[PDB]
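Visitor: Sharing a structure, written as structure tokens. Questions coming.
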Amino acid sequence: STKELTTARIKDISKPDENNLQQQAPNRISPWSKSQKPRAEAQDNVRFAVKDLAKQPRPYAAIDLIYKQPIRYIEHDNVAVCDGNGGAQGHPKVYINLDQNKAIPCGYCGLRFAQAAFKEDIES
Amino acid sequence: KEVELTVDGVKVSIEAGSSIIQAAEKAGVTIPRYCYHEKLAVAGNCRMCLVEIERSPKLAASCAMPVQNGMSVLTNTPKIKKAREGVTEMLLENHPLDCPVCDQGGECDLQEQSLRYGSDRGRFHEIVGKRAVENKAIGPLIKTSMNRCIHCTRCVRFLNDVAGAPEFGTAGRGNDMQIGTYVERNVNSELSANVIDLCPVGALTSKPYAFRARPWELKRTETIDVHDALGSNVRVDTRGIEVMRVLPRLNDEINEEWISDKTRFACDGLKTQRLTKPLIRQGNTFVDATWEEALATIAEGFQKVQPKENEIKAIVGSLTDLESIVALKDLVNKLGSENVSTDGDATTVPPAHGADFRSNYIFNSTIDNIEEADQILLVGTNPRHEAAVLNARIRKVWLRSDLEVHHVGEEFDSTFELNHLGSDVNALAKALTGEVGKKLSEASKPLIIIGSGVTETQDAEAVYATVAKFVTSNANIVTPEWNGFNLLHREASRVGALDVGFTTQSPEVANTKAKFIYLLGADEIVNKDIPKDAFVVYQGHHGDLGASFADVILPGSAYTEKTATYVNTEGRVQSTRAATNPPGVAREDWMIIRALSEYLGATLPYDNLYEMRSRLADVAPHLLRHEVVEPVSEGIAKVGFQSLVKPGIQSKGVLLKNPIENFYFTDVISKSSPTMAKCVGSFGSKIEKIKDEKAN
Amino acid sequence: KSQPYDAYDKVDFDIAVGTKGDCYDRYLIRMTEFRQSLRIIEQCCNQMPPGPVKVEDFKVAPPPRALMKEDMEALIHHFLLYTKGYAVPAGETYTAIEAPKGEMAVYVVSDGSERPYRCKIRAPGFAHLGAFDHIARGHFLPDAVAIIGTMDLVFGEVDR
Amino acid sequence: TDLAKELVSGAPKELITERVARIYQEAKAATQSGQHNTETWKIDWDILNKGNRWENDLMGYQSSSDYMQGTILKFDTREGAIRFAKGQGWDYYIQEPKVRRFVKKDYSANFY
Amino acid sequence: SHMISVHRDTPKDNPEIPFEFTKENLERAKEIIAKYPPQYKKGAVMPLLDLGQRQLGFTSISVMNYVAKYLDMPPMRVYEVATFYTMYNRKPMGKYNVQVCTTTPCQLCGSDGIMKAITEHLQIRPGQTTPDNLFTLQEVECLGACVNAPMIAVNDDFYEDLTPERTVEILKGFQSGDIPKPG
Amino acid sequence: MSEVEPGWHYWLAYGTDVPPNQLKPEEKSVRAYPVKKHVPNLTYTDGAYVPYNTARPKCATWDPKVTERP
Ligand code: SF4
Ligand code: SF4
Ligand code: FES
Ligand code: FES
Ligand SMILES: [K+]
Ligand SMILES: [Zn+2]
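Protein chains in written order, with my numbering: chain A, 151 to 274; chain B, 862 to 1557; chain C, 82 to 241; chain D, 2 to 113; chain E, 449 to 631; chain F, 6 to 75.
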């Protein structure tokens, strides 16, 4: 193939497989940055000639994980406050404005906040 | 006029009517400011520049309060430092805690002034929270995070006054005042991206540069901008091998701390479509070849077709440096050929301005003097595209005085008001002898501006003859203290090519069906004849139509990868500076010509830059004075104006169509810049669309 | 005693002075300096006060993380302290302490910037090792080993 | 001053023959409105036509063989920089800073 | 006053909806400019904006685009004017407009009770629109009727010195068309 | 020594009083990814980690095409 394995996409096309070592991450096939080197090209190198690719570090791609979270919906307020759900062990407190009819993600965490009144259109 | 005053014991002598802050800045006292910029109208709303005047209880906005005589101005009283910390404690009340994720991080004035002039602690633990605003989308070039705006109106004042784009303003009242465009529409100005530099905070940041570097990483290199002929002084920031961003730098004679949106956001074309290895055409495809094999093939190919005396054609592109021009001009004459010209679209074989007299093809009035001009006549020029920054200079004059601008050519949507006259030569003919021509002669320093696109018309010689006929018969247009005739160029290597006479004046030679064509960065040869039985070599840094036609391709270096000489439209000689290395095995542009000569039996005398830089003294002795203009002496200029006047010229009545039909695709780097592709989709070829279809 | 620094003026402790200038005297003085340290250490355990451990000046000391993540000015100062640094007013100094080896001092030259312009380090061992020739003159090879040990030559300081 | 002081500095010969230094005063940055980094004169060396920076194959670092890439000198007078450059026998070239032209600015000008 | 300063095109409002003055409003508009000098005719945006507001019912985007066209101005200088002033309605707004002052000099005469009395009858809160489009309640700052404090304001009328039992007369009548006499 | 699981590596060094099997559920780490068997230090084997550059090259060479004159 090498078509998805070498170009970054917002969402993949086929279901990722944990055993496929050529995937960028065990839970995602294509890379998630335009300048991120594909993992297929990275391991096609002389230094991997006598290695065991299954034991090299393969952390789970964080882009796929963060979009598996539900959208927080705020009730009768257009401003959400996020702090990383840890206070002094999270990110700095940032206020998110939800006037626009979309889910605005937090700058640090990546959690997506919206209004309850906008949920029906958003969930379409 | 000057009023003598003391600021904190330092005597100050400034022009009368100046503000206190300019007086203080001259005495060396530093007065913190957010809303005051030295090229914008004065608003006094940020309230950070407050000082104390001896005969008053009320603190003075030193950016607005005009200077007095004998006045005593205090800046370091404990009363003032209390005020500075109070104001600082107010701006940061609603400011987001965004510094880690904010692209203004290491270069934000709200950080450095708060650190220097504010308190070290914050007293805002309120439970309701801060104010939040929605980010407005105003195009693909400006990334807005309006949470961070400190309501200083530099964006509004610049776009309204300098840029002439009245769609940006303050909508709302009080705590809900929201800088923006009210409705959703993209900002349409060729100078709109200069707002990114003015916005002191992270509210308006570059979209192409977003999240890519921190200001302490970059290495700043002072060079020139070659996307248009003004040669605006820029600053190129490189993080290692890549060029990350381009910014303006102060030069009050050329650009005045602005650069057009083409200049700054075309930096990402340098990483795409680059020529990195020599390529040799085999069959219908290219293969990689070494410099030994590629230089030999050109040497071998030249002797196979055996071009005669003047059957060798050299074509010079828009971006080409001056050192390569002379290296190529010497090389072709070393083979005894003078079929050397450019890839433009000129009609008459001797270009209407010619190359004999410098006064006929430069901007003789100098850009710094356009401020004091009384009347300006535009002939077939669209400065909004050809020289974007120069257009803003004319507007600033037309807003502060009674300058009247006259335009002859194709009508265009201009920033300042025009007095349209017509769209052909005959229209200009009556206008010169009519009411408008009378206006110029009565004026002290009138201006006549001829565009670069005049030549590319069928009536190239008629207009130059017509206008010169007016100039050759006046005393106000050309004085000892004024030279009122100007030509506006748009390709960055015209004045360089004409100063060294890289132009053929023999009509029969220009018609010779040349067999060996050596393309030096020429990428617009669609109309130019290239016979199927011609051996073409292209030496450039980008793969485009010029490289597609070639049979051997020799990679070269961009202006950010070499030291070179450029002469801008007004005759000023400017030398770039090397910021990075050329990619791959790509060599220097004039070094290839020297190395190619040794294979072709025309070994050039030069061995290095300094040896070649001695050659620039030979061709024209003014090409060794950097950033210095050698104005044409008044007497000799009047000789050149006469030879342009020729009885027996027929005006064909061709519309003086502007040559720039796409503002963003003009050079090789622009056509390969991914960001410029977004602009054409969002703004359009003429920056006229008001809605962004491309929005996702 | 000559220039007391950092609470050394608050505690009470004695010093020991030799009389023969030989290795045995320096052995005894060090063993006394052990017991005088154990006398100061107890007092600092009993006289320890409460309060801040650093200057209450966020323009030279990073703000606490909790305040950093909640207060805007703390975030600005935390940002500029870890990237730009803090500026030191121009001038120069020569600060000496009673290091365990001897007198250690630094000659720091400031330029108003965030980086020292000059920093000369006066290591006690470096000045001692020069006097080795003047002392070892007239001694045997087993006696040289004693003189090096009685000088306390850690050569990181000598070869700074 | 007049002496060939470079013969005692032990510097490699290539700084005299093969490298070009530049005496310049740093320009004001467009992004920020401060005017303090533009009051001291500095000397920097030109980059090399090849081998200034190249990508390390293994980890993607920025390798370099230019031993003057991170050397910037500071001065307080222009003459001291030129004198020092002359003393070392450096092949320098001076970059004259641009001078902003004065223009009086008045609050009332928005209507007059 | 509802303080939102970014306009979003609705099915009811967009620049694609035409707006043209009536034959009468041209005569007033032609003579409204008569109060301003020739070189400063742009000062008449505030009259024309409210004059055009009444023809349509509120301050639509088409009005602002039309008003800018009339006086030779970029549409933004009208947007700045429109959203700075609190009497321009950038929404359908319905038929009537209840303005209830809640400032301190009014709040001394139990101005809270008038607010509760209105909210009871119409099943709406301040800043809301009735399901019928006949009414749209709206809080307001001082209107000048402070010496006669407990005052309601409907459209442009006055009803001072009120009580929750004074609200029964008006809220019933306006639906039936029987409008009480203002003053 | 690399065979000791990270949770217990801290307890063994007298760094904590609560063993990682007596942790409060409001003190356990929350992992949104499957956790596999502990992998010891893999040096002197074939599983030793190999560094590589995670960034693409910074210049993209021209994709050559040939066009033929009229
Ligand atoms: S604009 Fe300045 S103060 Fe505000 S978040 Fe960005 S860096 Fe911090
Ligand atoms: S957006 Fe930037 S330039 Fe415009 S007012 Fe706000 S801080 Fe000033
Ligand atoms: S600088 Fe004077 S109030 Fe802003
Ligand atoms: S306080 Fe209510 S009308 Fe004045
Ligand atoms: K900015
Ligand atoms: Zn968050």
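Beta carbons: idealized from backbone N, C-alpha and C, even for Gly.
1. Give every residue whose Cβ lies closer than 6 Å to any heavy atom of ligand 6, listed in chain order.
2. Helix, strand or coil: how does DSSP classify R1355 (chain B) here?
3. Under 8 Å Cβ-Cβ, which residues of chain A neighbour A60 (chain F)?
4. Please state the DSSP three-state secondary structure of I178 (chain C).
5. List the endpoints of the continuous beta strand (DSSP E) containing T1099 (chain B).
6. Using Cβ-Cβ distances below 8 Å, what residues of the segment 128-154 of chain C are close to chain A?
7. Taking a contact to mean a Cβ-Cβ separation below 8 Å, would you say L1465 (chain B) touches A1188 (chain B) in this structure?
8. From the DSSP output, in three-state form, read off residue 1562 (chain B) for me.
9. Using a beta-carbon distance below 8 Å, is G20 (chain F) in contact with chain A?
10. Verify the CB distance criterion: does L156 (chain C) have a CB-CB separation below 8 Å to chain A?
11. Starting from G61 (chain D), find everything on chain F with Cβ-Cβ shorter than 7 Å and list it in chain order.
12. Determine the closest residue to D1191 (chain B) out of B:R1455, B:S874 and B:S1531, with distance taken between C-alpha atoms.
13. How about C1540 (chain B): is its Cβ closer than 7 Å to a heavy atom in ligand 3?
14. Please name the residue in B:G966, B:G979 and B:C1010 whose C-alpha comes closest to that of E154 (chain C).
15. Taking the CB atoms as reference points, tell me whether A1411 (chain B) and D1089 (chain B) lie closer together than 8 Å.
16. Taking the C-alpha atoms as reference points, what is the distance between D626 (chain E) and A593 (chain E)?
17. Using 8 Å as the Cβ pair cut-off and three pairs as the minimum, do the segment 266-274 of chain A and the segment 990-998 of chain B touch?
18. Can you pull out the residues from the segment 34-53 of chain D whose beta carbon lies closer than 9 Å to at least one beta carbon of chain B?
19. By alpha-carbon positions, which one of D:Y113, D:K105 and D:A110 ends up nearest to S874 (chain B)?
20. Determine the direct distance from the alpha carbon of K1138 (chain B) to that of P1416 (chain B), and round the result to whole angstroms.
21. At a CB-CB cut-off below 9 Å, which residues of chain B make contact with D249 (chain A)?
22. By the three-class DSSP mapping on this structure, what secondary structure does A22 (chain D) have?
23. Does the beta-carbon of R1015 (chain B) have 16 or more other beta-carbons within 10 angstroms, so that it is buried, or is it exposed?
24. Measuring CB to CB, does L161 (chain C) end up less than 8 Å from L976 (chain B)?
25. Using 10 angstroms around the beta-carbon of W1077 (chain B), count the other beta-carbons present and answer buried if the total reaches 16, otherwise exposed.
26. In whole angstroms, what is the alpha-carbon distance linking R1073 (chain B) and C64 (chain F)?
27. Taking Cβ-Cβ distances shorter than 9 Å, what residues in chain C pair up with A230 (chain A)?
28. Could you tell me how far apart the beta carbons of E1028 (chain B) and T1227 (chain B) are, in whole angstroms, since I believe they sit closer than 8 Å?
29. Can a CB atom of chain B be found closer than 8 Å to the CB of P242 (chain A)?
30. Only counting runs of 3 or more residues, tell me where the beta strand (DSSP E) segments fall wholly within the segment 1183-1256 of chain B, in order along the chain.
31. Buried or exposed: residue 36 (chain C), going by 16 or more other Cβ atoms within 10 Å of its Cβ?
32. Alpha helix (DSSP H) containing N169 (chain A): first to last residue?
33. Evaluate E913 (chain B) with the Cβ neighbour count: other Cβ atoms within 10 Å of its Cβ, from every protein chain shown; 16 or more gives buried, anything less gives exposed.
34. Check each candidate in B:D959, B:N955, B:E987 and B:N1008 and name the one with the smallest Cα separation from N247 (chain A).
35. Check whether the segment 1095-1108 of chain B and the segment 1510-1518 of chain B touch, using three or more Cβ-Cβ pairs below 8 Å as the test.
36. Got a list of residues with beta-carbon closer than 7 Å to any non-hydrogen atom of ligand 4, in chain order?
Guide: Once the coordinates are examined:
1. Result (chain order): A:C232, A:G234, A:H241, A:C256, A:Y258, A:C259 and A:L261.
2. helix
3. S185, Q186 and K187
4. strand
5. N1094 to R1100
6. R146, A147, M149, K150 and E151
7. yes
8. The shown model of chain B, from 862 to 1557, leaves out residue 1562 (chain B), and the question about it has no answer.
9. no
10. yes
11. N58 and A60
12. Answer by Cα proximity: B:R1455.
13. no
14. B:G979
15. Taking the C-beta atoms as reference points, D1089 (chain B) is found no nearer than 8 Å to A1411 (chain B).
16. 24 Å
17. No, they do not touch.
18. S34, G35, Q36, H37, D47, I48, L49, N50, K51, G52 and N53
19. D:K105
20. Rounded to the nearest angstrom, the two C-alpha atoms are 6 Å apart.
21. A993, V994 and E995
22. Of the three classes helix, strand and coil, the one that applies to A22 (chain D) here is strand, per DSSP.
23. buried
24. yes
25. exposed
26. 16 Å
27. Near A230 (chain A) there are no residues of chain C at all, since even the closest Cβ is about 17 Å away, more than 9 Å.
28. That pair is no contact at about 33 Å.
29. yes
30. 1200-1203 and 1236-1240
31. Outside the shown range of chain C (82 to 241) lies residue 36 (chain C), about which nothing can therefore be said.
32. Element bounds for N169 (chain A): n/a, residue is neither H nor E.
33. buried
34. B:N1008
35. The segment 1095-1108 of chain B vs the segment 1510-1518 of chain B: no contact.
36. This criterion selects E:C549, E:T551, E:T552, E:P553, E:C554, E:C590, E:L591, E:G592, E:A593, E:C594, E:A597 and E:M599.
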